[PDB]
Amino acid sequence: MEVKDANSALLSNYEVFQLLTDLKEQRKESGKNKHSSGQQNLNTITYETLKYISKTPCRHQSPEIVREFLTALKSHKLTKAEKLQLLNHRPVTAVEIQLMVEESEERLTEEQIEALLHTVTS
Amino acid sequence: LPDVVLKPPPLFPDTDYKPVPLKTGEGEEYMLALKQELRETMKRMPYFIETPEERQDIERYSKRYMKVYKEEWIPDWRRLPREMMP
Amino acid sequence: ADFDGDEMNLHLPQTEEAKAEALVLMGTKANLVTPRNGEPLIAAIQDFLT
Amino acid sequence: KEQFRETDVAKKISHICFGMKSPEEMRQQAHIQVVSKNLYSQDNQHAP
Amino acid sequence: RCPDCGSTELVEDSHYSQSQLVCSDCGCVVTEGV
Amino acid sequence: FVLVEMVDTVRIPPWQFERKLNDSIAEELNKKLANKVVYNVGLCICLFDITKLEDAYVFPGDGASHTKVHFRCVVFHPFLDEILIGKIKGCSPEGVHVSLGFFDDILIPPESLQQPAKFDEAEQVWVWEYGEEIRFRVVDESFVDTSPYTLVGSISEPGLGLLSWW
Amino acid sequence: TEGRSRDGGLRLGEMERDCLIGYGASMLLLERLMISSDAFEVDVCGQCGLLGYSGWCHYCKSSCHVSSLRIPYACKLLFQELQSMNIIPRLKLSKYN
Amino acid sequence: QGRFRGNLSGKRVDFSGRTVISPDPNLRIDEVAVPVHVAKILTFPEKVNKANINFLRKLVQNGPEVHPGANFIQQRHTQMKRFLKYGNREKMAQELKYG
Amino acid sequence: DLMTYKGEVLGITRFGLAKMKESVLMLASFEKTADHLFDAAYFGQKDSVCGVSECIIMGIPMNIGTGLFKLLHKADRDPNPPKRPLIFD
Amino acid sequence: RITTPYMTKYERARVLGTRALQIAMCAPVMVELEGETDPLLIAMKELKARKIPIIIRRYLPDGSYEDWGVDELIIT
RNA sequence: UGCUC
Ligand SMILES: Nc1nc2c(ncn2[C@@H]2O[C@H](COP(=O)(O)OP(=O)(O)OP(=O)(O)O)[C@@H](O)[C@H]2O)c(=O)[nH]1
Ligand SMILES: Nc1ncnc2c1ncn2[C@@H]1O[C@H](COP(=O)(O)OP(=O)(O)OP(=O)(O)O)C[C@H]1O
Ligand SMILES: [Mg+2]
Ligand SMILES: [Zn+2]
């Protein structure tokens, strides 16, 4: 029951949302009585995580939009964690990038924030 | 005949003889201080090789600021065989 | 055996795999010959040869 | 919430490594120290 | 008491050289082997 | 959220042979890794996919089908600096009790870094004014079986401003 | 037990084991000499290789490496007697795969 | 009588009997006659499946007295054995789950 | 051949059996139990489970007979199933 | 492909035993049994019909292996 | 020890 790598590759919330939706539809299309009675924690965790991701603005996302956002941020020499956080949160306000986002000193430049907002809002 | 014992002997039996106190004088204190200084200075010496940390979580801009820098001694490869070159 | 008071043992396997292995490998029809020289041991006897 | 721990594994013995134990390992393996030479108590219950 | 029906009719009846304490109401084998 | 590679020896009984092997393996792996925290890894959510699935053996014992399957599964394990959004599911004098939305009630933010008006008087008072943000600081896990929880982590709430809610 | 008056069972002597080996019936021999006679489930520690109890190793004071294992009771008795003779059998377990 | 020769190489087992033999040419070479008395003692554990469900139902209904039958039932969920000599055998036969 | 596969005629007695075989459990079970056991404990010789006697003692299926090979199940499957593509990476 | 194409008696016995155990453990039948309450009889019927979904994994002493289907091997 | 085979 060993793990090979706990940090193999980071993924945004859209992939988790898609996986949860696929598992939910496959479940309701292949619902089994005994398998469900054996372990009901699966249903609970799946439904609650899907509801949590639905509460967030993660909706209205597609792989093309994610690829476009990644290609747009690649020109900003930003780290992977910063773009991951921006994609998971989708900040509409500037203060979210000014203070909440880490590594603000020397990275904002007071001019790139407008481009970041235009890219994340598109 | 020998009597029977209900409980086992104590794990640390008491002794009526105690260790002789340590020798005193400037020499012993100076040797102690020098040994402590050696302990403190030999760990930061390049010869003290530490366990190479691995499995970094992520890369960050602060890396260059937190990058551990330390001079490395160059072994004399003339005396050492060839099997130890990197 | 000679049926002169000899007591023989009878065992019942408790596993389907053991049952199948006993029936296949240790089958009476599959062991009509000895591995020593291949001669058949299970054949006619007194009151059958006569 | 709940930690993942395996219930049972189909473990198969590979080989037996014979050896010896030192007195310290004997102390560590044992649970109690036997010092009384008698077997049962004096009462009529004869408890150990 | 019996673990299935909760009855107290536990009788020790040896079945062909097998000591066994069993419930007398539903037949739930309480304990077996000695 | 992050992917984790795992190798598991899944045992499928004989009465599931009519089902497809991959589907049954995925269902078993999900049932075995649902709402459970793997030590030094985190809380696993569900199975992401199955990469390698080698031959399926049948032992002379139980007789079931044992398959060694390599798969990738999603687990919730921040990177010590991730930002999250939870809701206050209670509050204690020594620290508030915030929880991610219906995900896990294990986030215990210590109240020792906010501006110097921090205190909880047991009346569920969050903070005196001048969707709750959370900044993960460190991960920590512990064992359970020690005789014949496991994920709490510390939360940071700096002077984020929060023009929307104080 | 041994005798009929003692409600004893039959004995598969060494010659019966030899015959079963000659036949090659491995599962039948295992079921006879292990499953139906002195089957037991012991707890072995994967670190020190000693025998534990109730999923706990008193030697290492831990229970993470303790695993269950099927074994004949006579084999466990032999291991215990050998440990009493200072001949410690250290069992290195591994997956059945 | 040691452990290797007396308890490891050759050891005693259960579900076995010992009896005197007698001739009977009316049986096949691959067949052996077993008395009813010994047959009622040596039992075989059969797993309830979709094929022999009715046969096991009838065997349980017969009980430990009639020769064709059983002596104990082990449920799938709980491993608590149930003796067929006591209790309503019909209710047990009607509640025979698979496994 | 079994008597003449090591280049020397070794008898079936305990001496030749020990010179030929290597399993500690089999030698201890045949003859000289305590002597062989103490010798193995001294040498620390690890004994495998390849032989038949040790397989019978430890209660595992012997390698000879039906246990020489392994069986596989012909289940409806698809090795190396399609992998879900990663969008963020 | 280098081993004997004939299916030995040991392989027959082990396959029949495994299939009987599986059928006793509520496994699906692929021959439409006709009133056979004995799992071993069903296993023998499946063997004679060559419908046992088991593949023998013959191992060579060095370590190499080879797979053989029950329907691919020859029975007697 | 007596036996049974
Ligand atoms: N009546 C009877 N006599 C016995 C028995 N066993 C041994 N003897 C007698 O005692 C002599 C041999 O003794 P052993 O059989 O060696 O006694 P033992 O086996 O050392 O005694 P335990 O170890 O207590 O079984 C023989 O001359 C027998 O006549 C027995 O079971 N019944
Ligand atoms: N000590 C023993 N060891 C093994 N088998 C024995 C022993 N004593 C008796 N038997 C069994 O009894 C059988 C011996 O019978 P056998 O010697 O062939 O005839 P018999 O006893 O000489 O009868 P006759 O005197 O010829 O009428 C063979 C064997 O299975
Ligand atoms: Mg005779
Ligand atoms: Zn240990």
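What counts as what
- Residues numbered from 1 in each chain as written, not as in the entry; some residues may be left out.
- Chains lettered and ligands numbered in written order.
- Part of a larger assembly, values for the part shown.
- Heavy atoms only, no water.
- Helix = DSSP H or I, 4+ residues; strand = E, 2+ residues; numbered from the N terminus.
- Rg over C-alpha atoms; globule rule 2.2 N^0.38 Å.
- Buried < 20%, exposed > 50% of the residue type's maximum accessible area, 1.4 Å probe, protein only.
- Contact = heavy atoms within 4.5 Å.
- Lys, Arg positive; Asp, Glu negative; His and termini not counted.
- Charge placed at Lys NZ, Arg CZ, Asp CG, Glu CD.
- Pairing = 2+ DSSP bridges.
- Axes fitted to C-alpha atoms, helices over the stretch in contact; angles between N-to-C directions.
- Near = heavy atom within 4 Å.
- Donors = N, O, S within 2.8 Å, 3.2 Å for Na, K, Ca; no water.
- Tetrahedral: all angles 85-135°; square planar, octahedral: opposite > 155°, others 65-115°.
- Buried area = accessible area lost by both parts, 1.4 Å probe.
- Salt bridge = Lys/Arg side-chain N within 4 Å of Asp/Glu carboxyl O.
- Polar contact = N/O pair within 3.5 Å; in protein donor to acceptor, adjacent residues only side chain to side chain.

The deposited coordinates derive from cryo-EM, with the record listing a resolution of 3.1 Å.

Let's shift gears to the overall build of chain I. Looking only at helices and strands, chain I features four helices and two strands. Along chain I, helices and strands appear, N-terminal first, in the series α-α-α-β-α-β. Against the 2.2 N^0.38 benchmark of 12 Å for 89 residues, chain I shows a C-alpha radius of gyration of 23 Å, more extended than a compact globule. Considering only C-alpha atoms, chain I reaches an extent of 70 × 30 × 30 Å along its principal axes. Going through the 89 residues of chain I one by one, you find that 38% of them count as buried. Contacts in chain I between residues far apart in sequence, at least 24 positions, make up 17% of those at least 6 positions apart. Of the charged side chains in chain I, 11 are positive and 11 negative, and the gap between their average positions amounts to 5 Å.

Between chains A and F lies the most contact-rich interface of the 27 pairs of chains that touch. Nowhere do chain E and chain I come into contact; their C-alpha atoms are at least 22 Å apart. Nothing in chain E touches chain J; the tightest C-alpha to C-alpha distance between them is still 24 Å.

Residue and element names in this part refer to chain F. Strand order in the open sheet made by the five strands is β7-β6-β5-β8-β9, with antiparallel pairing throughout. At either end of the open sheet lies a strand with only one pairing partner, and these are β7 (104–107) and β9 (154–156). For this sheet, the mean angle separating the axes of adjacent strands, direction not counted, is 55°.

This part covers the protein's contact with RNA strand K. Taken together, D4(C), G5(C) and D6(C) make up the full set of residues adjacent to RNA strand K. Of all RNA strand K atoms lying within 4 Å of any protein atom, the proportion belonging to sugar or phosphate reaches 100%.

Attention now moves to the coordination of the zinc ion (ligand 4). Residues and elements named next belong to chain G. Within the protein, the atoms that donate to the zinc ion (ligand 4) are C45 (SG), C48 (SG), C57 (SG) and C60 (SG), at distances of 2.5 Å. Of note is the zinc ion (ligand 4), whose four donor atoms meet at the metal with angles of 94 to 131° in an arrangement that counts as tetrahedral. Along the chain, the residues donating to the zinc ion (ligand 4) are arranged with the sequence spacing C-x2-C-x8-C-x2-C. Taken together, the positions of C48 in the loop between β2 (39–45) and β3 (51–52) and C60 in the loop between β3 and β4 (66–72) put the pair twelve residues apart, joining distant regions of the chain. By relative accessible area, which is 25% here, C60 ends up partly exposed.

Residues and elements named next belong to chain C. For the magnesium ion (ligand 3), every protein donor is listed as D2 (OD), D2 (OD), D4 (OD), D4 (OD), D6 (OD) and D6 (OD), and the spread of their distances is 2.0 to 2.6 Å. Here the donor residues for the magnesium ion (ligand 3) map to a single chain with the spacing D-x1-D-x1-D. Judged by its relative accessible area of 46%, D2 is partly exposed.

Turning our attention to the interface of chain F and chain D. Tallying the contact residues gives 16 residues for chain F and six residues for chain D. Note on chain F versus chain D: buried area summed over both sides is about 1,100 Å², and carbon and sulfur give 57% of it. Counting the surface chain F buries against chain D, the share from its top three residues, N35(F), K36(F) and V37(F), is 31%. Taken together, the connections running from chain F to chain D amount to zero salt bridges. Viewed at the interface, chain D and chain F are joined by four residue pairs in polar contact.

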